[PDB]
Amino acid sequence: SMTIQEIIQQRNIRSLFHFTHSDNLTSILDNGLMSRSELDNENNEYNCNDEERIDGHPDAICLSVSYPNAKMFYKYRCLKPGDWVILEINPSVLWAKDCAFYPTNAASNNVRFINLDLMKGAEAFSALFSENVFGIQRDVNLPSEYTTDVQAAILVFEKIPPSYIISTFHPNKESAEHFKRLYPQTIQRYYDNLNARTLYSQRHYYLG
Ligand SMILES: NC(=O)c1ccc[n+]([C@@H]2O[C@H](COP(=O)([O-])OP(=O)(O)OC[C@H]3O[C@@H](n4cnc5c(N)ncnc54)[C@H](O)[C@@H]3O)[C@@H](O)[C@H]2O)c1
Numbered sequence: 000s001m002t003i004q005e006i007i008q009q010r011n012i013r014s015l016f017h018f019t020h021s022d023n024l025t026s027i028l029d030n031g032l033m034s035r036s037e038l039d040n041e042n043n044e045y046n047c048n049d050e051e052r053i054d055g056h057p058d059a060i061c062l063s064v065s066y067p068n069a070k071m072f073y074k075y076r077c078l079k080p081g082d083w084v085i086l087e088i089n090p091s092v093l094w095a096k097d098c099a100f101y102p103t104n105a106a107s108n109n110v111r112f113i114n115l116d117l118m119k120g121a122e123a124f125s126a127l128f129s130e131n132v133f134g135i136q137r138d139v140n141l142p143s144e145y146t147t148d149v150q151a152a153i154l155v156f157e158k159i160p161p162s163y164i165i166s167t168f169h170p171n172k173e174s175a176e177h178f179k180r181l182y183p184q185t186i187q188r189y190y191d192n193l194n195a196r197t198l199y200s201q202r203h204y205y206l207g
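Under the deposited numbering, the residue at position 163 of the sequence shown is numbered 162, and the numbers go up by one with no gaps.
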């Protein structure tokens with residue numbers, strides 16, 4: 000029945016997110032987001048986080064709806080030193096590009112074996128907001144735009160040109176200003192400190 004667009008409308012979704020290490024941001028702002036396979040095709044340099052990609056979709060770019068995958072992002076920030084950024088991306092990508100919609104992390108046993116063609120389109124997208132996603136329960140007070148499971152993923156099977164990046168969030172002012180001078184036509188945001196509710200927080204904390 001309902002299209003992806005109408006779900007977005009109804010739920011007040013305004014942001015997809017992609018976390019990446021600042022080391023990557025220049026290349027992403029110049030060339031846009033690309034998959035592992037595509038980065039290797041052109042043998043581009045990149046700083047990656049998940050080596051094996053058990054999701055089995057290295058030709059896909061991983062995004063989140065309305066909030067980062069706080070778990071996996073936190074895990075990755077504990078390993079590699081340095082600044083991490085969060086790209087804010089036009090929700091239009093969900094229909095303008097070939098996307099699969101997973102209601103939890105895509106490498107999960109609960110969804111990894113499902114026929115990929117069944118993960119595309121509005122039915123699959125809608126599954127991200129169920130009351131119960133494999134035992135992960137949606138609080139009645141969770142706002143509409145948030146996935147039930149914070150690790151719900153969008154796998155985007157084509158390049159995302161940099162025009163689809165509506166803003167970038169920085170962990171501090173110096174980072175933002177550095178990239179603003181390099182890319183003055185882009186919006187580069189920052190937090191004073193991370194001792195606040197930020198997109199670097201755990202989601203329950205952020206929304207509490
Ligand atoms: N990145 C996210 O925000 C995000 C969202 C949902 C789920 N996940 C999950 O987290 C794990 C790691 O995912 P990942 O997205 O870090 O991918 P990954 O670990 O395979 O590493 C790919 C890296 O390439 C970077 N990159 C993209 N375009 C680039 C370019 N033009 N130049 C240089 N680097 C570029 C990406 O930002 C990313 O850091 C996976 O299990 C994934 O499903 C990540």
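Ideal Cβ positions, reconstructed from N, Cα and C, are used throughout, including at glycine.
- Shown here, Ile186 sits in coil according to DSSP, grouped into three states, outside any helix or strand.
- Within the DSSP secondary-structure output, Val84 pairs in a beta bridge with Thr19.
- Listed in chain order, the beta strand (DSSP E) elements of length 3 or more contained wholly in the segment 113–184 are 152–155, 164–169.
- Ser36 carries a helical assignment under DSSP once its states are collapsed to helix, strand and coil.
- The beta carbon of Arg35 sits closer than 6 Å to those of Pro57, all from its chain and outside the five residues before and after it, given in chain order.
- By the neighbour-count definition (other C-beta atoms within 10 Å, threshold 16), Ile113 is an exposed residue.
- Straight through space, the alpha carbons of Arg137 and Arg13 are spaced by roughly 20 Å.
- Every residue with a CB closer than 5 Å to a heavy atom of ligand 1 is listed here in chain order: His17, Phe18, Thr19, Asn23, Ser26, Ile27, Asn30, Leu32, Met33, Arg35, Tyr45, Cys47, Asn48, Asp49, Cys61, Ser63, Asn68, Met71, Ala152.
- Beta-bridge partners of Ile53 (DSSP): none assigned.
- 8 Å or more divides the Cβ of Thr103 from the Cβ of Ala69.
- For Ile7 and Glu144, the gap between their C-alpha atoms comes out near 8 Å.
- Counting the other CB atoms within 10 Å of its CB gives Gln187 a total of 16 or more, which places it among the buried residues.
- Within the DSSP secondary-structure output, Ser63 pairs in a beta bridge with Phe16.
- Taking all protein chains shown into account, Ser162 has fewer than 16 neighbouring C-beta atoms within 10 Å of its C-beta and is therefore exposed.
- Membership of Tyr101 in the beta strand (DSSP E) is indicated by the continuous run 98–101.
- In this structure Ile153 does not touch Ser91 by the C-beta definition: roughly 12 Å separates them, more than the 8 Å allowed.
- By a beta-carbon distance limit of 8 Å, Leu127 contacts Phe100. Their separation comes to about 6 Å.
- The three-state reading of DSSP puts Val92 in helix, counting H, G and I together.
- Boundaries of the alpha helix (DSSP H) around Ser26: 24–30.
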